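Undergrad: Below are the structure tokens for one structure; questions will follow.
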Amino acid sequence: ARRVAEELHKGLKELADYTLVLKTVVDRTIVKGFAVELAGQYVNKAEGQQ
Amino acid sequence: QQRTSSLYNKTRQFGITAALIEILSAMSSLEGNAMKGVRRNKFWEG
Amino acid sequence: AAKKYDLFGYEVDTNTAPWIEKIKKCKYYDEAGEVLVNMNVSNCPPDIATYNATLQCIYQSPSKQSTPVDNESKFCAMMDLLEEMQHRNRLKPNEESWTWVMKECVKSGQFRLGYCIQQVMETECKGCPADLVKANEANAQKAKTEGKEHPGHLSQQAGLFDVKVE
Amino acid sequence: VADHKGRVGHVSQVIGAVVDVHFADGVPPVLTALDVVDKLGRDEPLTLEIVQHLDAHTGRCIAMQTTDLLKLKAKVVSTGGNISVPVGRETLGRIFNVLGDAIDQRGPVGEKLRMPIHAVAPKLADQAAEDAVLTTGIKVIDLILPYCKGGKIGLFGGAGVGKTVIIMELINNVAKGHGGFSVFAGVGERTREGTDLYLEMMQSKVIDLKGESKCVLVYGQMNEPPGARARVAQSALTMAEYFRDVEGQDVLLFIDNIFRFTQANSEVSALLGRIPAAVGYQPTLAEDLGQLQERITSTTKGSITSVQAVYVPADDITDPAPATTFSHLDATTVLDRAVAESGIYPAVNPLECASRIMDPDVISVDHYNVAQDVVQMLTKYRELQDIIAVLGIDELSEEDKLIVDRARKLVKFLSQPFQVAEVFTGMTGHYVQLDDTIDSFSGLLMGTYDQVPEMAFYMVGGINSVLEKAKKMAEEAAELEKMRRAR
Amino acid sequence: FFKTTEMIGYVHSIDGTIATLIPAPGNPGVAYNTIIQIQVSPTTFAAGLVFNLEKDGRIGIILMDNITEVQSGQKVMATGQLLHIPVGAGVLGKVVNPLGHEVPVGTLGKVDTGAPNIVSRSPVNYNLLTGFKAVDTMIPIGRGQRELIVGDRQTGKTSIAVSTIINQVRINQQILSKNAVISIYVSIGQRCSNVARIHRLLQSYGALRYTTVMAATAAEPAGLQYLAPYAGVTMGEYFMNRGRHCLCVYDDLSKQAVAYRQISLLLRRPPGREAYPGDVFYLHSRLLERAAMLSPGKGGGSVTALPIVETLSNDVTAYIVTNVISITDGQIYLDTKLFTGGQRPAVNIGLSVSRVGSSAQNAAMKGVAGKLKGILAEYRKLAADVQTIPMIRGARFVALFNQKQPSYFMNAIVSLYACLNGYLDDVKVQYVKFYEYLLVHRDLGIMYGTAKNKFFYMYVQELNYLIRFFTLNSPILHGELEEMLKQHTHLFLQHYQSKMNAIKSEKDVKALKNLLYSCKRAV
Ligand SMILES: Nc1ncnc2c1ncn2[C@@H]1O[C@H](COP(=O)(O)OP(=O)(O)OP(=O)(O)O)[C@@H](O)[C@H]1O
Ligand SMILES: Nc1ncnc2c1ncn2[C@@H]1O[C@H](COP(=O)(O)OP(=O)(O)O)[C@@H](O)[C@H]1O
Ligand SMILES: [Mg+2]
Ligand SMILES: [Mg+2]
């Protein structure tokens, strides 16, 4: 998750000078994996009930 | 003639009622969308 | 030579030579309609030559499409094309178009449409070619001798209660 | 806060075609035009018009294009004034829209001046008295409800009764030979009708692309959002007002349909926080229409002969929108569906029409007397129809049978084939002179043509056409009799 | 190198088929009238349409699919684009949703495009044969025209439209594909069983090869029913912008208005007349303005609209009915009294009108229709008030207008011409259908060996285009047409009507009655 967040931060030009902070939110909709949301850019790498 | 007059009276009453109900429904819809904002008053001064 | 204008007065492309070459390189005559559609979309209305090329492609093509189409008829397609040209484009068909239609009628064995087109050419055009008329007459005579002048069921005697109204 | 040109604002709310804009320096004046400068990936520019002030900073506006792809906080820049439309002789022969942009794809238009579409109507002192009959070439209009030059005309009617055909006939008869200019305003109507009118005008040389044209077209149609249909009429009227004042010319103004302006205002009214009125129109129905109507008038500088087509929803002539337009007209032509269903065209109901110049002082004494006699006879025939339905024609007196026959001939003689409805009718149209109509109707009233067959008066022109048709009817009847005789 | 979406907020409230979102602080924000995806699961999404952008920042959404999966508090992603659906020749013969998803059976086009400009159109001059003699003659329809089909429930509104779609199958198979008419049948709020039956009916006649069905059944949310007409016309505009002609059928706009009213009321829109939203006219107005006849400079393609509208007790004074009537270029009014009286299709010629006129008629049909209109007008005038020629022929014309299936142009025009020139004066009104059936499906001249015509026979189906080109009143065809009609009338009268008038036995009477009834439903 930290690597994905850093990669997203690098892509965003506006947040070049901003510091990176990671906040963890528990989502009951996903059983496996994780998702990252930064400045509206959402990356989904999770799975739910089959 | 009697039957048509009865129908005429009934129809006019229903039309008036329906038009009034429609207008009041529109007014209620307009009122509902209105939201009361934060009051900018000296609440402590009381 | 002279610029042509559309309904609203806008100029229309008149160089329709490449499109005729495209038409003369089709395998199935339904593809010829696609060329006409492309011409219309490109603001290049077909001229009399383009319609004659399309009729030639219809006559010389094997079938409408790669796969057979039920109830397909070359004569119907060419007649529809002529109707479009004369009515919705204001272009009088010349002798070449009617000769193509007559050739199709002779080739397909339809000797009655042959008679109708023969009369049409005699009326509008300066007569029908002798070869086509003779070929049409030969087809009609062959049909008559073989007994296939009319469908068999039409000659069957019927009655008031002997007709099956589906 | 005098010059608000370039003032920046931000979109604060978007609900349908109504958008709210917030200005930090103060909302510009009402009716001001705003441009959405933000790049929203739209295929068309977006322009808003301020209609209300919610507070010292917010202002509710109506969009002229579709509000698709519009985000909140989108930057908006004021244009420094109301919506401006080009004016002058350089606009002749062109097609414009609500915003005054040429849409005929015929190159840039050379505009020397522009005027705002919102203007103050003329005052009482700016009223000119012009009482002169306008010959439209139509027997019914010329006789029962004659039109006046520089006056306001209304064609009230339902759907499919023939409002558009009458407008086309009036154009063909009055605009081709008009000394001055013309302005046609298409408001909330079919686009194909606009194309047909444009083609017809080009064929009739009213719009001479290579030469000099004498008409302007301003189109806001059904496909357009309600914002454009509520201001296309203002744009066309602004052009007409310029031609009236600056050019000092006599201009014709054709509006079709004036009801769509009211309809567009009613559609947008709901989102503006206004309680609907009766039937469901906006509470400002009367004033909104009155402000526009008072601008359509002839002043001491020039004259505008306005012809407006009024749509009557579901043939309900008592509907508030049609009912509010009667008082704003000098000559009302009321069309009836029952007349049309009987094969009578134009489907004019002479017992419901009215004209201001229907006075002996304005028109000739003979014209007034003939018109009054025709109206009285038609009313008497309508009264006698009930007795005929109950008793029967045989039961009426001879004094009443003559009235019935004359009234039937009058009813059929009011019909006329128009030169623009040849496809609908399949026969060449007629142009009847004013004197010919008066003489023919005067002769018919006194029984000079009692022996002429009734059908000889159906779909013909003057009296000569009636006699020719009667002769043709006699010849064919004689041929039929000869055919029967041989059998 | 990530598939980064654009999260714009969360789902706040759900009220049936609509929802309200709350934007997360400091987010890009969604654009008006765009599509959004509600993340019902890490791999599944539910479509939605932006409808309102309030001052508070909340967003009004119109759920489109997977409504049962939507819950408050779920993430929402903004695509930032309007609605686009698949379009092309690869969709023909399939059942699809307004979103383009195919419905199993037992290029991208923007849905919010603008109508063609004023200078982008041309006059309507190409006819669209519905296959019914009444409509084709008294109510001409031209390609690029909006023709309303208004009537009461159970009066043939759907049957006539489906017949019009089917009538194009035979034509499309003969002429080039350039002039073929593609069909887009849009079902709105109808039963799912009806959609299946219509699909089977189209398949039976082979109309699926030139037709695609867009279905929004009653069990689907109002959003799909609200978008069905726009998606359908968008699919039909693909052919218009490429020099081809299409026919769009909306069955029916009455239910789309109900769906739109539901959506508007649920999203806190002020109600208008009959609770409908204020901008209910503009909906259909912009829907039907997209059907036009493009000018030759843009290709010459067209879209023909056949919106269907239902009335209550033949009341055309309703709100939406009036709006639609004031938009279309005509109307086919199907009367309930005529339908129950045996007249089918129950076209009320008095209340029906086509504003295009004879411009949308073929040269062959123009003269026949022009004379027929006058004859029928005279017959109606005289009937309302003496067996004159107009009255003798008007009754037979009315008898010829009864049909069950669309009729080929050659058969219909020939029958109308025969009835117009007095060839049916000696034929009883009851036997007109039997006479027409014998004329079309039989040849009395060949049967009795008295046919001397060279080419003009009713079994030569290729004569349809020759007739359309030259017309019946031309020296090429007129002589043989008259000879055939004379021979057929003589043989029919002699060999059939004499025997039919001589039947007295109950068995024979019943047999003749059954035969006549079958003929009514056979031609
Ligand atoms: N021309 C016709 N001849 C005979 N029967 C017909 C004809 N047209 C329709 N019908 C029949 O009439 C009935 C109603 O037809 P249809 O389904 O088209 O009506 P509708 O207007 O769609 O009504 P609704 O959709 O409200 O049920 C059906 O049984 C149909 O088969
Ligand atoms: N003068 C006329 N002669 C014959 N038919 C007419 C005439 N005027 C109108 N119509 C009929 O009305 C149709 C045109 O209606 P239109 O003028 O557009 O009415 P509106 O705009 O009031 O709905 C024609 O197609 C025809 O059926
Ligand atoms: Mg009109
Ligand atoms: Mg139905």
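Please note: Cβ atoms are built from the backbone with ideal geometry, for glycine as well, and neighbour counts cover all protein chains shown. FYI, it's all coordinate maths here, none of it is from the lab.
Undergrad: Give the stretch E:117-176 a look and list any residue that's within 12 Å of E:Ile332 (Cα to Cα) and among the small types (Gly, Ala, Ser), or say none.
TA: E:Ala134, E:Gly151, E:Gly156, E:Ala161
Undergrad: Still on this structure, I have one more. Among the listed residues D:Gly41, D:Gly100, identify the single one that is of a type outside the set (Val, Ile, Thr) and either more than 22 Å from E:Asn52 (Cα to Cα) or more than 14 Å from every other protein chain (Cβ to nearest Cβ) (or both).
TA: D:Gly100
Undergrad: Then there is this: Could you tell me whether any residue of the stretch C:88-99 is buried (at least 22 other Cβ atoms within 10 Å of the Cβ) and acidic (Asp, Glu)?
TA: no
Undergrad: Residue by residue through the stretch E:104-121, note down the ones that are at the interface with chain D (Cβ under 7 Å from one of its Cβ atoms) and outside any loop (DSSP other than H, G, I, E, B).
TA: Across the stretch E:104-121, the qualifying residues are E:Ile118, E:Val119, E:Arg121.
Undergrad: How about the stretch D:1-95: which strands (runs of 3 or more DSSP E) wholly inside it have at least 2 residues that are farther than 25 Å from E:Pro270 by Cβ?
TA: D:8-15, D:33-36, D:75-78, D:84-87
Undergrad: Can you name the residue in the stretch E:390-405 that is touching a helix residue (DSSP H, G or I) at 6+ places or on another chain (Cβ under 7 Å) and either within 14 Å of chain C (Cβ to nearest Cβ) or over 17 Å from E:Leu439 (Cα atoms) (or both) and, of all such residues, is nearest to ligand 1 (Cβ to nearest atom)?
TA: Among those residues, the one meeting the criterion is E:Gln405.
Undergrad: Here is a check on your reading of the model: is E:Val124 in a loop (DSSP other than H, G, I, E, B) and either surrounded by fewer than 22 Cβ atoms within 10 Å (Cβ to Cβ) or not aliphatic (A, V, I, L, M) (or both)?
TA: Spelling it out, it is not the case that E:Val124 is in a loop (DSSP other than H, G, I, E, B) and either surrounded by fewer than 22 Cβ atoms within 10 Å (Cβ to Cβ) or not aliphatic (A, V, I, L, M) (or both).
Undergrad: Condition first: closer than 12 Å to A:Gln41 by Cβ and charged (D, E, K, R). Now tell me which residues in the stretch A:1-12 satisfy that.
TA: Those that are closer than 12 Å to A:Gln41 by Cβ and charged (D, E, K, R): A:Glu7, A:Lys10.
Undergrad: Scan E:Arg143, E:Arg200 and give me the residue that is more than 12 Å from ligand 1 (Cβ to nearest atom) and within 30 Å of C:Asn38 (Cβ to Cβ).
TA: Sole residue among the options that is more than 12 Å from ligand 1 (Cβ to nearest atom) and within 30 Å of C:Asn38 (Cβ to Cβ): E:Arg143.
Undergrad: Could you list, ordered by first residue, the pairs with Cβ atoms under 8 Å in which the first is in the stretch D:177-196 and away from chain E (no Cβ under 13 Å) and in a strand (DSSP E or B) and the second is polar (S, T, N, Q) and away from ligand 2 (no atom under 13 Å from the Cβ), at least 6 apart or interchain?
TA: Once the first residue is away from chain E (no Cβ under 13 Å) and in a strand (DSSP E or B) and sits in the stretch D:177-196, its partners that are polar (S, T, N, Q) and away from ligand 2 (no atom under 13 Å from the Cβ) give D:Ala185/D:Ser235.
Undergrad: Kindly list, by first and then second residue, each pair from a residue in the stretch D:155-168 that is at negative phi to a residue that is within 16 Å of ligand 4 (Cβ to nearest atom), limited to pairs with Cβ atoms under 9 Å and residues at least 6 apart or on different chains.
TA: Filtered contacts from the stretch D:155-168: no entries.
Undergrad: Hey, could you check the stretch E:467-500 for residues that are more than 11 Å from every other protein chain (Cβ to nearest Cβ), among the polar types (S, T, N, Q) and under 26 Å from E:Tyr448 (Cβ atoms) and say which is surrounded by the fewest Cβ atoms within 10 Å (Cβ to Cβ)?
TA: E:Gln494
Undergrad: Further question on the same structure: If I ask for residues that are farther than 20 Å from D:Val161 by Cβ and within 13 Å of chain E (Cβ to nearest Cβ), which ones from the stretch D:287-319 would you list?
TA: Taking the stretch D:287-319 and keeping what is farther than 20 Å from D:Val161 by Cβ, we get D:287-306.
The answer is none; no residue qualifies.
Undergrad: Take the residues in the stretch C:31-54 that are buried (at least 19 other Cβ atoms within 10 Å of the Cβ) and polar (S, T, N, Q); name whichever of them is farthest from the other protein chains (Cβ to nearest Cβ).
TA: In this case the residue turns out to be C:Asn52.
Undergrad: Select from the stretch E:273-293 the residues that are surrounded by fewer than 24 Cβ atoms within 10 Å (Cβ to Cβ) and over 13 Å from D:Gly16 (Cα atoms) and list them in ascending order.
TA: E:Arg273, E:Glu274, E:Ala275, E:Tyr276, E:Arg286, E:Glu289, E:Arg290
Undergrad: What number of residues in the stretch D:39-73 are acidic (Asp, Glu) and either surrounded by 23 or more Cβ atoms within 10 Å (Cβ to Cβ) or within 19 Å of D:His4 (Cα to Cα) (or both)?
TA: Counting residues in the stretch D:39-73 that are acidic (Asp, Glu) and either surrounded by 23 or more Cβ atoms within 10 Å (Cβ to Cβ) or within 19 Å of D:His4 (Cα to Cα) (or both) gives 2.
Undergrad: Kindly evaluate E:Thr137 against the criterion of being of a type in the set (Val, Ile, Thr), crowded, with 21+ Cβ neighbours inside 10 Å and in a loop (DSSP other than H, G, I, E, B).
TA: So E:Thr137 fails the test.
Undergrad: Does D:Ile275 count as within 13 Å of ligand 3 (Cβ to nearest atom) and either away from every other protein chain (no Cβ under 13 Å) or surrounded by fewer than 22 Cβ atoms within 10 Å (Cβ to Cβ) (or both)?
TA: In short, no.
Undergrad: Just one of E:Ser302, E:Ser264, E:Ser254 is closer than 24 Å to E:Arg143 by Cα and within 13 Å of another protein chain (Cβ to nearest Cβ); which is it?
TA: Within the list E:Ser302, E:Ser264, E:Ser254, the selection yields E:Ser302.
Undergrad: So, in the stretch A:18-41, of the ones that are farther than 15 Å from A:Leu8 by Cα and not in a loop (DSSP other than H, G, I, E, B), which residue ends up farthest from the other protein chains (Cβ to nearest Cβ)?
TA: Filtering the stretch A:18-41 for residues farther than 15 Å from A:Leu8 by Cα gives A:24-33.
Going one step further and asking which of them are not in a loop (DSSP other than H, G, I, E, B), we end up with A:32-33.
Values: A:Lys32: 9, A:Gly33: 7 Å.
Out of the qualifying residues, it is A:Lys32.
Undergrad: Quick one: how many residues across the stretch E:455-466 are surrounded by fewer than 21 Cβ atoms within 10 Å (Cβ to Cβ) and in contact with a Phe, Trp or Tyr (Cβ under 9 Å, 6 or more places away or on another chain)?
TA: Adding up the residues that qualify gives 2.
Undergrad: Also, I was wondering about something else. If you check E:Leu338, E:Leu312, which single one turns out to be within 16 Å of ligand 4 (Cβ to nearest atom), more than 8 Å from chain D (Cβ to nearest Cβ), of a type outside the set (D, E, K, R) and surrounded by fewer than 22 Cβ atoms within 10 Å (Cβ to Cβ)?
TA: Details: E:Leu338 fails: within 16 Å of ligand 4 (Cβ to nearest atom).
It is E:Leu312.
Undergrad: Scan C:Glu11, C:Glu34 and give me the residue that is out of contact with any helix residue (DSSP H, G or I) (no Cβ under 9 Å at 6 or more places or on another chain) and within 16 Å of C:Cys57 (Cα to Cα).
TA: C:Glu34
Undergrad: While we're here: Please determine, by comparing only the residues of the stretch D:135-191 that are within 19 Å of D:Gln433 (Cα to Cα) and of a type in the set (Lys, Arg), which one is nearest to ligand 1 (Cβ to nearest atom).
TA: Ranking the candidates gives D:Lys139 first.
Undergrad: Do you know which residues across the stretch E:338-359 are near ligand 1 (Cβ under 10 Å from one of its atoms) and not small (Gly, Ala, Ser)?
TA: Once the filter is applied, which keeps residues that are near ligand 1 (Cβ under 10 Å from one of its atoms) and not small (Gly, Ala, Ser), the stretch E:338-359 yields E:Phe339, E:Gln343, E:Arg344, E:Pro345, E:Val347.
Undergrad: Which of the residues that make up the stretch E:293-316 are farther than 14 Å from E:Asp252 by Cβ and either of a type outside the set (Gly, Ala, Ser) or within 15 Å of ligand 1 (Cβ to nearest atom) (or both)?
TA: Passing the criteria: E:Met293, E:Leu294, E:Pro296, E:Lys298, E:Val303, E:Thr304, E:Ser313, E:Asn314, E:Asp315, E:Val316.
Undergrad: In the stretch D:296-330, which residues are away from ligand 2 (no atom under 15 Å from the Cβ), buried (at least 17 other Cβ atoms within 10 Å of the Cβ), over 12 Å from the mean Cα position of the chain (by Cα) and closer than 18 Å to D:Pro350 by Cα?
TA: Answer for the stretch D:296-330, where residues must be away from ligand 2 (no atom under 15 Å from the Cβ), buried (at least 17 other Cβ atoms within 10 Å of the Cβ), over 12 Å from the mean Cα position of the chain (by Cα) and closer than 18 Å to D:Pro350 by Cα: just D:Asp330.
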